[PDB]
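A structural walkthrough
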Amino acid sequence: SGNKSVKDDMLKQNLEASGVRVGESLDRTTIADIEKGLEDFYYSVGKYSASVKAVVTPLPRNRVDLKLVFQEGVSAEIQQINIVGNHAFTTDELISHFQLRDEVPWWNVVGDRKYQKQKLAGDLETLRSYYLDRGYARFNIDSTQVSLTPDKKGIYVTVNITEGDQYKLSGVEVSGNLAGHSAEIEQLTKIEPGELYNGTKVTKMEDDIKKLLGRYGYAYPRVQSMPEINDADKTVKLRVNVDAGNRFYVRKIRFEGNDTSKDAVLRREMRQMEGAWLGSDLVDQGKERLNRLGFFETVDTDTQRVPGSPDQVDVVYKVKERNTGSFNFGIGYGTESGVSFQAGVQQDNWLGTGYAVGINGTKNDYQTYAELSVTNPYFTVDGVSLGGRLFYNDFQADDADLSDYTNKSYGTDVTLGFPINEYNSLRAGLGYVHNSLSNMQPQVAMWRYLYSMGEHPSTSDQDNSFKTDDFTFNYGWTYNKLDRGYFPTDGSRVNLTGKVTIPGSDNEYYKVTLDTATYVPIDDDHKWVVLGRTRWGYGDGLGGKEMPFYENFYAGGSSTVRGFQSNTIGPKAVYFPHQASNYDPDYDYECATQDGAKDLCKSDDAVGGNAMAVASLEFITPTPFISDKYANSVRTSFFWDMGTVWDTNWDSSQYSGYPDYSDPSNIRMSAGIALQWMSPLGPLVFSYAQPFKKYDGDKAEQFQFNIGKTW
Amino acid sequence: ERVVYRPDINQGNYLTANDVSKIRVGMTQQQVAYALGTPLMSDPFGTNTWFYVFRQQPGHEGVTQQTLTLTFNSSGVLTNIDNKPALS
Amino acid sequence: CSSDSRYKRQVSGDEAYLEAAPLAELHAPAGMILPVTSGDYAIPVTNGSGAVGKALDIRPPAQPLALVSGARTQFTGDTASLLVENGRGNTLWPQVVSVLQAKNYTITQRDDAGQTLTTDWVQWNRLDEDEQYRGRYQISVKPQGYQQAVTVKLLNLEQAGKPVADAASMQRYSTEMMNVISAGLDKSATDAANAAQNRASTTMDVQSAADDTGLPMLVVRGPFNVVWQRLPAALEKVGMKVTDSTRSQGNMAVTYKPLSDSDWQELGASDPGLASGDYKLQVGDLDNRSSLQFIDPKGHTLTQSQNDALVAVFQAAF
Amino acid sequence: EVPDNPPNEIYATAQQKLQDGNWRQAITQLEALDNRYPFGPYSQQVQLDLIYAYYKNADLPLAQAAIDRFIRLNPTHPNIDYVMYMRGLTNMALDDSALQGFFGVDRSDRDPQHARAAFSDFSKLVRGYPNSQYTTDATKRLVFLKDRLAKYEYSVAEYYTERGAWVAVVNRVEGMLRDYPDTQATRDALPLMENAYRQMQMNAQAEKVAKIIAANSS
């Protein structure tokens, strides 16, 4: 009671360390100890004058209750940070890199002038590094004084230093047991003539030598540099003593925490063989591949020396399993015009077997959409993938008569992927699709496509039909180097997909799509990121035909341009007069009909286009109010999205009065804030976006909620 | 095949010409282990034999193996060296 | 959604482990040996007399309870023994007989001179058991050395009208009878103790003496139970009505209520000036003394001057 | 939330709830009775009942903590074998999945850590108390756990056979022979060791393994 800054959790753990725990005995002699300890903690933070006094009240049956009355004061603030003896640099420049702040600018309201002993020690280390990286090689902190105003709210800091002279590196001399890699080490100890000494460079050189040795199995070498200083001409000669040691071999590779995933699922991602000489680079590659898999929340490695053995180690990968799946589900009608239901099951690691299984569909009175997809990422040991997909979509309008826009489609697809590098992988497959449209409302784009196919449907009556069986060859290429599998903080992923109708199909065309997502971290902790995402698409017919209008690209939504209604960006339909197949009392018929006018009046129904290009720039920031324990389960970002869809075949010569949909200039834009949460039902994305740039017919939708990975 | 990328499958323990030449008959087991390192493969049945196998399979390039069999007596004194430089 | 009475006594899982293939040793061909076994995963050869699978009771064994007294209590195979406070002279036998009659348990043989008796069949009621058991018991009172103890022997058990021989049920029901007798005796003892405590009224004098922590406390010269019971009323008198309390923890909380000067001289020995926030209180246990500690809403402790105002009388309110 | 009725009433309520099978309320009552009266006539019985309720309530970490506390506080309690058996059961329960069990998935390829812990606990119980009433079930569970651990090693050896890592396969099968000689998984793995020896062109070792297989054809 009384503590306003130190949480009860940290206090409670501090209690157990001293033996004070519920159910145990009360060691009275330790009371003073604990009290003093807590006070010391309050003094480390700078909260001098704080008191922590313990009260023991006797409860019956020989029991006690321990109440720790905290009375914290006002935290002291650093009044000054002074460096005495700095003649080469200036106090302002030196302390600008300090964690402790002497003063805070009025604009900066995220930092304070609070004191901490550990921060002071790190600050002294930073100053020492600053002076040693400029070639002084003699910088010494003579003393450090931390003072305090008599009112105990004015802490002061002072550092007395001696810069010494500036030295230059005469040359690095490396000697010892180099294990035959001397030639490759001389290239790591190359120095420019007359270059100034630099401590961080020497440390990096030592680390590079250690890493170079480790790549050949020398897991435990010793590298020490003892620079010999010569003040006669102010030159320092480095002396790197290296002892490679013994070459280590891996005995067993063990996996812990994979309570669901199969053992082979983790082993198949290993570049380090079990009964072979160790390679640290191979172990790191295996860890990175496991991280990129996306099946595990966290992955760690531990190389443990085998007891009683100077040559063998055990590599242990410790993983934390993650919920790899989404369960999108909803009901739209309930009791209006019948009943409806939806399914969204999607698993990336089905029962820990590594299979990717996704089944989703929608059953309505007018729709019977069903889709199944099963892919084995490892159909061969090397990583050859074998996928498959079945889909069946139906549109009947639940009328069983004419003038209903019947559209029944169904198709199959088989894919086969295989790697070519550690990051690149190609894909080839065969797909079949059957599409049967009937009773189509006349429109300029759809009728143009139908004419391109050689059909001549009437422009007035809705009576019409069209059947097409298409066999397509699908190809693809994925380059994946992302840091992680679900919330990347580095690296880029590029996915190219395409299809071409092989001769013999009803309609000839080709289509290609290209995604891209690049994560660039600005913070060393990878907590602030910049995400540049883009998507491109182009399709067209091969012979005298045209790309089918059901393969068109759609933009706008929670996946392409947030802030717009789904599949709303792009060309809008233009309807011809009907003069037949009109329902006067329905009132749902469009402008161009018997009940309405008899011109090509433009509607607001999005039809998509055969060319698409969308980009997006995102800034990933830490969630403002969330415990760091759940930091990786939620992501907050500020996004600016751009997008456009146009129909390259739109004839501007005709329909001059109507908008020209072949112009890619009309670029929609939006900006807003998005939040992604890894809930039990998979990823949930909330986003609020304002579309400050929009064109006629664009239906805006500021708030959007989505289930499952957007992209 | 021949186009699917396959990583290098290194198997066994590293052997070098100098290291193999550093071992001669009459050497004790501890001396052999010091010279060449602890073997990754012995004979679990009734024989005191050490197998130093050196496999490398770069992937679509052929597998090369050098196998050095060291037979000791009951006392642990090296008795026979059998060096096979390449596969048959 | 669907359950059965038997899920209570069985293991959480399945009997799959009972279908595991047996272990067979490997024959070593002539001219060579097999690798020496580590012995880390060697299964000792035991007897397969006990139950396996769902026929095994994982219900915790019934430990005899030393309720009447804190002396030693122990069961061994078929008999339970429980020592009592000192030996109670010859009154232990009549006390046990009276507690036995409390449950109208029938007795056939009597050895009051020798302190031994037998009981006719007794029926038990446990929701755990699908079928209710029953059996006979023998109760005696004998001295184990410097003290007098009660011993019970379970003659036999019967479930579904059939005899039983499993040690689990025998131990369970021997402990059941011993605990029943002991709980009756302890109930009599605690009723007598409660009557004595209620009769022994305690003074309500208050004091401001501090303790090892250095703070003053509204000490009350009485045992914990009575002062704790009377503190809610006293706090109500001063307007600090209790909203949360914990007898086993001592912690309690009050809420502000405005009382004028006339109300404060009526009861509560005047205003300490605590007129803001939710305050908390703690009590102590000292069989003749009892410390009352107050803390401010900010989380601090009241100073001596703050509580000295109430210490004036702070006695009529209790 | 638990009233402060005298100790006997609280214990009776806890026993009634345990008999009724409401694990959560019985657990709450027992926790109240244990943290109110830490050292009383109910201490041992309450701790045992808490262990049992935690096990039946799927609060396995709490059951393990309670078991450790009971073992360390009462190293020579007469009913200590029951606590060891319960620890074995808890560790074996941590090695199970219901969703995978529904679909008939063989989980021998997953983490064997909890299976190893359960084997250690059951072996301790069986060796320490041969005459306990839980010894037969403990032996059966030990046999099952040995088979499962050998199947795990077999899975690893099979994967490395697929990968072409022959030294790893040989070492894994040798470890199986040294650790689980009498399991079926070792018999299945023996041909893998012979194949690994053949691939590395060490024909003498392959012949020895083939002789071993022939002598134990079944």
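Residues numbered from 1 in each chain as written, not as in the entry; some residues may be left out. Chains lettered and ligands numbered in written order. Part of a larger assembly, values for the part shown. Heavy atoms only, no water.

1. Quick notes on the domain arrangement of chain A
All names here are of chain A.
- Taken domain by domain, chain A holds domain 1 (1–71), domain 2 (77–162), domain 3 (168–245), domain 4 (249–321) and domain 5 (394–707).
- Here the C-alpha centroids of domain 2 and domain 3 sit 32 Å apart.
- With 6 residues of domain 2 in contact, the opposing surface of domain 3 contributes 7 residues.
- Taken as a group, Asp133, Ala137 and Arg138 account for 65% of the area that domain 2 buries against domain 3, more than any other trio of residues on that side.
- For the pair domain 2 and domain 3, the number of links is 1 salt bridge.
- The partner of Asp231 in a salt bridge is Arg138, with the nearest N and O atoms 3.3 Å apart. (Domains from an automatic or database assignment. Contact = heavy atoms within 4.5 Å. Buried area = accessible area lost by both parts, 1.4 Å probe. Salt bridge = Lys/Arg side-chain N within 4 Å of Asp/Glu carboxyl O.)

2. Some points on the interface of chain D and chain C
- At the junction of the two partners, chain D supplies 59 residues and chain C supplies 57 residues.
- Here chain D packs against chain C, burying approximately 5400 Å² in sum over the two surfaces, 59% of which is carbon and sulfur.
- On the chain D side of the contact with chain C, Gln19, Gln133 and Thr136 of chain D bury the most area, a combined 11% of that side's loss.
- Across the contact surface, chain D and chain C share 1 salt bridge.
- For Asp4 of chain D, the salt bridge goes to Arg247 of chain C, with nearest N and O atoms at 3.0 Å.
- At the boundary of chain D with chain C, the tally comes to 27 residue pairs in polar contact.
- Here the side of chain D that touches chain C is composed, by residue class, of 27 nonpolar, 14 polar and 18 charged. (Polar contact = N/O pair within 3.5 Å; in protein donor to acceptor, adjacent residues only side chain to side chain. Nonpolar A, V, L, I, M, F, W, Y, C, P; charged D, E, K, R; others polar.)

3. As for the environment of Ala66 of chain D
All names here are of chain D.
- For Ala66, the location among the structural elements is in helix α4 (residues 60–73).
- Sequence separation of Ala66 and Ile213 is 147 residues, and the distance between their C-alpha atoms is 48 Å.
- Apart from residues lying up to four places away in sequence, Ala66 is in contact with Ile51 and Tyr54. (Helix = DSSP H or I, 4+ residues; strand = E, 2+ residues; numbered from the N terminus.)

4. A short note on the pairing of strand β23 (residues 529–541) of chain A
Residues and elements named next belong to chain A.
- Where strand β22 (residues 509–521) lies against β23, 13 bridges are found, and the strand directions are antiparallel. Residue pairing in the sheet places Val512 in a bridge with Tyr538 of β23.
- In this structure, β23 lies alongside strand β26 (residues 611–621), joined through 10 bridges in antiparallel fashion. Bridged to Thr534 within β26 is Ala615. (Pairing = 2+ DSSP bridges.)

5. Considering the sheet that holds strand β11 (residues 296–305) of chain A
Residue and element names in this part refer to chain A.
- What the 3 strands build is an open sheet, ordered β10-β12-β11; its pairing is mixed. The two strands at the open ends of the sheet, each matched to only one other strand, are β10 (249–256) and β11. Sheet twist, expressed as the average angle between the axes of neighbouring strands with direction ignored, equals 15°.
- Relative to strand β12 (residues 312–321), β10 is paired through 7 bridges, and the arrangement is parallel. (Axes fitted to C-alpha atoms, helices over the stretch in contact; angles between N-to-C directions.)

6. Things to note about a nonpolar patch on the surface
- The grouping of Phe327, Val345, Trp350, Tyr355, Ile359, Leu372, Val374, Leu390 and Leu681 of chain A together with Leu99, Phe102 and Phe103 of chain D at the surface amounts to a nonpolar patch, some 1100 Å² of accessible area in total.
- Contributions of two or more residues to the nonpolar patch are made by β16 (368–376) of chain A together with α6 (98–102) of chain D.
- Within the fold, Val345 of chain A resides in strand β14 (residues 341–347).
- The exposure class assigned to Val345 of chain A is partly exposed, which follows from its relative accessible area of 32%. (Patch = residues over 30% accessible without salt bridge, like charges linked within 9 Å, V, L, I, M, F, W, Y side chains within 5 Å. Areas by Shrake-Rupley, 256 points an atom, 1.4 Å probe, with all protein chains shown as cover. Buried < 20%, exposed > 50% of the residue type's maximum accessible area, 1.4 Å probe, protein only.)

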